[PDB]
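In structure tokens, one chain follows: the form deposited in one PDB entry.
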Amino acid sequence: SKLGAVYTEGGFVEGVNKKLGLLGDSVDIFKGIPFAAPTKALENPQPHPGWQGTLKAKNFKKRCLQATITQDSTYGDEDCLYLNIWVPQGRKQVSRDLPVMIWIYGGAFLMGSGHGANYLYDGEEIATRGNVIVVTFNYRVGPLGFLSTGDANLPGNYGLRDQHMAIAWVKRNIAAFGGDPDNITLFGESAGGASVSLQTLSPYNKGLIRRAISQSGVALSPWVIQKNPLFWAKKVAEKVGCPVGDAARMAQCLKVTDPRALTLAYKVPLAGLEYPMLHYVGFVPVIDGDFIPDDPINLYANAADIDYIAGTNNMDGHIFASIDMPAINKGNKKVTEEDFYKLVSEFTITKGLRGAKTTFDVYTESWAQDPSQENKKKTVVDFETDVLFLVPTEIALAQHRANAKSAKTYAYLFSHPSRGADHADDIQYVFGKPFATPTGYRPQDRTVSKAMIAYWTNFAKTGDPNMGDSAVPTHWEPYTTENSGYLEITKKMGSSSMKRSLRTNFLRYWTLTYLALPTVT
């Protein structure tokens, strides 16, 4: 009931065994297995050679080169394509045919690490409580992951190819660790959720992926696909002195520039912003005609046989509303009708004055009755949540359902607070932190964490969140066009926790009324 040295495609790998409880359960922990060669700036990833003797996989390796919080310096390294594995172990014998869950972290495609914020992405609690293998890994972010010219000179999507190389590695190697290679589940959040979604839609992953979970992000969110990459490539070239005149000479120059200078070329200011934060998403995935062959809305046939959960947090837009409208935090300042109109008008520019007005009117319908500052502030949060997360997620749900063959579809809404649910509130419960650091959490927090892991890992095992090694508080009904049901996740769950048609008039507003209006110029 211990793996010892594991024979992988590159050679033997040695991790660490950690006993759990008194009876003799344990978990095998591997950190720092390479799945791809040290990266070359703006080039596609490539195989990692192979070692002799025994690779010791004891410590996390460096994340990929990215800007620090105060974007004055960088950390990480070009040699960052590493993954980490937790394998649970019972008392009798070594595990075999385990479901395998691969975590893709988020961070607006600008930041992140396999271990993550702090470690948050310690897979031990998912693996031991759900009885699954958890894989975490690094991929390239920022300009080094996503700089692109929009054509073959610099096709972008380097960070998405790194993700694909990790998934392919797991498929061909995870059996040696006790995993079922035909039963791989991707899950991820924010930028990671969008990436999970993009991986299911890419032809590159045919046959590799069995199921997927998108938390707070899908390939259809407006901050995912860069429609004018050449513009952002030219801002970076100017900042580092590359000649802008010609695409092919611009590409060749960019590939030779100091990767630290590429990373720090552009900075997202925090203090004073002209436009909403969405206008400043720069280095993100691109429709390249290769790894992403078309607009993601046209790719869902590739997910016909991939079971899919997608969901959002109650108040996912809160952090972005607070930045775009700082009067959301400080109760000293009123949120005014004039500020919301300005916000909304900046989100609806291609539909002009009439699209701003229709949107302002629907979202402020309820302001006549009790025009209090809490209802107004809630309205700004709901607007950002709708446009950035909820509406794209429901379009993805419907599109996945319409194209499904054998695939099941499921929707959730996470609403449990701890200070509803702000952005990335769900991660710590999904990863079992209320159990791994119990003093920092309340007993009700351990109640939500247990239920999410149970659903998530039941789904990993069978494609059905209700059926697996764990009991669940309430029956999660698959999503159909007819029932349009979602599970609402909270402290107290019973049969009423299955609801339907979340904020449906708004979904109808965005998908029928708003797009029916003429584009202007």
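The term rigid core refers to the maximal set of C-alpha atoms that superpose within 1.5 Å between the two forms. In case it trips you up, residue 1 is the first one in the sequence shown, and so on.
Do a third or more of the other compared entries leave residue 420 out of the model?
Yes.
How much of the deposited sequence is absent from the coordinates between residue 118 and residue 119: none, 1 to 3, 4 to 9, or 10 or more residues?
In the record, 4 to 9 residues between residue 118 and residue 119 lack coordinates.
Between residues given as residue 419 and residue 420, how many of the deposited sequence are not built: none, 1 to 3, 4 to 9, or 10 or more?
The entry has 4 to 9 unmodelled residues between residue 419 and residue 420.
327-335 set against 340-348, stretch whose average Cα temperature factor tops the other in the entry
Stretch with the higher mean C-alpha B-factor: 327-335.
If you take the mean CA temperature factor per stretch, which one wins between 454-462 and 50-58?
Comparing averages over the C-alpha atoms only gives 50-58.
Looking at 179, 245, 355, 159, which has the highest CA B-factor as recorded?
Of the candidates given, the C-alpha B-factor peaks at 245.
Options 194, 299, 240, 167 - largest CA temperature factor per the record
Max CA B-factor in the entry, restricted to 194, 299, 240, 167: 240.
B-factor third for the C-alpha atom of residue 44 within its chain:
CA B-factor rank for residue 44: middle third.
Residue 175 CA temperature factor, ranked by third within the chain
Bottom third by C-alpha B-factor.
Using only modelled residues of the chain, where does the Cα B factor of residue 281 rank: lowest third, middle third or highest third?
Highest third.
With respect to C-alpha B-factor, does residue 28 fall in the lowest, middle or highest third of the chain as deposited?
Middle third - that is where residue 28 ends up once the chain's C-alpha B-factors are sorted.
Which third, lowest, middle or highest, does the CA B-factor of residue 360 fall in along this chain?
CA B-factor rank for residue 360: middle third.
Absent from the display: the form deposited in another entry. The rest refers to it.
For the core superposition between this form and the one not shown, please identify the residue among 176, 304, 349, 261 whose CA shift reaches 2 Å or more.
The one that moves 2 Å or more is 349.
When the rigid core is used for the superposition, does residue 246 move between this form and the one not shown (threshold: C-alpha shift of 2 Å or more)?
Residue 246: C-alpha displaced by less than 2 Å between this form and the one not shown.
Return yes or no for residue 513: a CA shift of at least 2 Å between this form and the one not shown, with the rigid core superposed?
Indeed, residue 513 is displaced by 2 Å or more.
Could you check whether the CA atom of residue 71 moves 2 Å or more between this form and the one not shown, using the rigid core for the fit?
No: residue 71 shifts by under 2 Å between this form and the one not shown.
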